[PDB]
Structure formats: structure tokens, C-alpha cells
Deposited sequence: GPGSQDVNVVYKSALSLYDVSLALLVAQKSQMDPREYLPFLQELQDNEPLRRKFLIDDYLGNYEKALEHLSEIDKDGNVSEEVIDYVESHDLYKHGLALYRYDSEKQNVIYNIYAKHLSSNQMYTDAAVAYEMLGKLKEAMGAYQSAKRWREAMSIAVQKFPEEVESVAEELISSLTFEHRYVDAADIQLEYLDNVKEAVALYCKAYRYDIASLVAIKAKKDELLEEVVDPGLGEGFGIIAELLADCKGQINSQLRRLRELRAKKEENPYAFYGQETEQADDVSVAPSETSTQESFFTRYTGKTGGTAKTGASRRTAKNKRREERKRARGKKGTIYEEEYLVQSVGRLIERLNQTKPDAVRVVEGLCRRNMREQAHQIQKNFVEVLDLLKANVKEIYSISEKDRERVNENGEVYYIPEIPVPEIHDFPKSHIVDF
């Protein structure tokens, strides 16, 4: 004599009378309906429907009714509570679609929800539409959306600019986004030396140098770019000795399913270093260390040529300047 389907069906037409009939004539236990149907009858229609819909598990529908109760232009602590509890932010958002002041209330609780699930970008956008900018900036930060953060920081919190910049620079650096981190050092902390050093870890010697020159700090060409070229040189040289060293050795091994996969991974690491070496070769030429330029370009073509015994490959963009 458990609760049956006809009882539930009737309740879902919002017909308490028909649902009484059904319960009585289905031998359902009065200890499991009369109190409820009593409570149902003691409520106004809107709230009665809410309770029904809640009971039946139709939470979207429940939310709709509940939000029709208060005809003052607000969103009640009840609606807010019911939305958090049943994860109904999207529906709430759709409900209040044509009432912006109300919609904003769901937006505010959603951003909090979004934020704590580490969806920081959406949290940030939402807070920002609500004009809650300290919270938006904070979330753009955690998203590592630095342009969005600094944009709020410069316009609404200029006294926070340095702090946010420093923090963003620290996490952009850790994420190896050196060009982004350098942009901030230049433009927001007015740190030219630091910026130039960072464009160099990105192999953007072209940028680093135009920056030290536009800043009217020509000395950084020798203080910073040059040593960075030295570093880039050494980092790429040793890598090419390492590749020729592993390839010459891997041939005199296959003479082991994994040996033939290590070679294919060296091709991937190579093709990834390629854009950087091109930049190293050109930065080396433009600073007249042309023997070092020559060596880098040769050693690369060499290893690339040696991938003829490959029993796929790109060509290395030689610069004619150092091709002899």
C-alpha cells in the first residue's frame, strides 16, 4: 500500500481533492498523506503548487512558482536558498531573463558558486556585469586573465595596480608565459630591465631590443639582450649535441619497440625548438656575433640532414646571411 503513481499524477495536476480520493481508494496509509494534503490546503495556490512540485522532484517548476509568490520587485531569501540547494542557477537566470534587477541577484550567487568551483573566468564576467569589481578583478587574476584584471585595476583601483601586476607577473612567469609577464613589467610596473630580460626567455630578442631602445635605455642591449643570446645559444647548442648524440647512438642500437619511438619524440622536440633557433640565429646576426650564428644554423641543418637515415621532417629556414 505504498505511495502510488496515481496519487503522484493527481498531485501533479495541482488537484488536492482528486488526490485525496485517489489515496483513500488505493489503500494508501493515512499517516503518509493527510498531514501533507492538509498543509497543501492551508496554503495559497502559488505556494501550494510549489510544495507539490518540490515533493514530486520538479525543482525547475517549483522554482518558477516560488518566484511568483512575492510580487514586490525583489528576489526573496527563499528563492535564493532554493536555487543554491537545487543547483538551479541556469533556470533562475532564464526565469528572470526580462527583469535585470532580479536576474542580477542570481548572477551574484552564481558567481560565488562559479568561483568556488574554480571557474574563475565566468565568475569574473558575472561579478563584472554586476559592477562588483573588486571581486571581478580578483577572479580575473585567478583565471590569469591579466588584461581583464589590469583593465579593472587601472580604472577603478589605481592604488592596487602594482600589487595585481606583481601577482600576475609571478603566476604568468610560473606558467612560462614570458611575453605576457614582460608586457606587465613594461606597462604597469615600469620595469624595463625586467621586461627585456623576460622577452629574452621567450626568444623574442626582436621585441626585447625594440623595447630597450624605445625606453631610451640602449645599455640593456649589452647588459641584458647579449647575455640572453648567450644563454639561448648555449641552451640550443647543448640540445643539438644531445640530439645528434642520441640519434647516432640509437642507430647503433637498432643493429627496442621503444627505441623507434624515442627517435620520433626527438623530431617533435626539434620541430618545437626550430622557431626559437631561427630567432637565436637572427638575434645573433643583428648583434654581430656571426660565428655563433653560423654554428647554431649549421648544427641544426646538420641534425636535420642526418634525419635522412629515417628508415615527416620539415626544412630549417636558413638565413642566407650565415649560410656558407
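- Annotation: deposited residues 1-4, 260-337, 394-422 are not represented by C-alpha coordinates in the model.
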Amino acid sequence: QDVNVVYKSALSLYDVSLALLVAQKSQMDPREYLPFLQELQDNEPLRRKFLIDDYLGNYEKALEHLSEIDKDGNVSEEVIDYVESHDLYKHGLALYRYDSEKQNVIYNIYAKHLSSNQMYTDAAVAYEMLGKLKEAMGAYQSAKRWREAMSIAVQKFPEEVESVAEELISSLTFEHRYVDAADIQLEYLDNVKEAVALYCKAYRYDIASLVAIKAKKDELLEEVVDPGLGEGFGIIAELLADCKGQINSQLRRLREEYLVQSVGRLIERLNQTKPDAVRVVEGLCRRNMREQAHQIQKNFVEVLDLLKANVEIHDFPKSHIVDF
From here on, numbers count along this sequence of modelled residues.
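- The PDB entry records a higher mean C-alpha B factor for 27-35 than for its counterpart among 27-35 and 66-74.
- Judged by mean Cα B factor in the deposited record, 216-224 ranks above the other of 216-224 and 160-168.
- Remark: of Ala293, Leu46, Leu266, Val278, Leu266 shows the highest value [criterion: C-alpha B-factor in the PDB entry].
- Taking the deposited Cα B-factors for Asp99, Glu238, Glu84, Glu187, the highest one is held by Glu238.
- Placement of the Cα temperature factor of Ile80 within the chain: lowest third of the modelled residues, per the deposited record.
- When the modelled residues of the chain are ordered by their C-alpha B factor, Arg253 lands in the highest third.
- In the PDB entry, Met137 places in the lowest third of its chain by CA B-factor.
- In the deposited entry, the Cα temperature factor of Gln246 sits in the top third of values across the chain's modelled residues.
- For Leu270, the recorded CA temperature factor ranks within the highest third of the chain's modelled residues.
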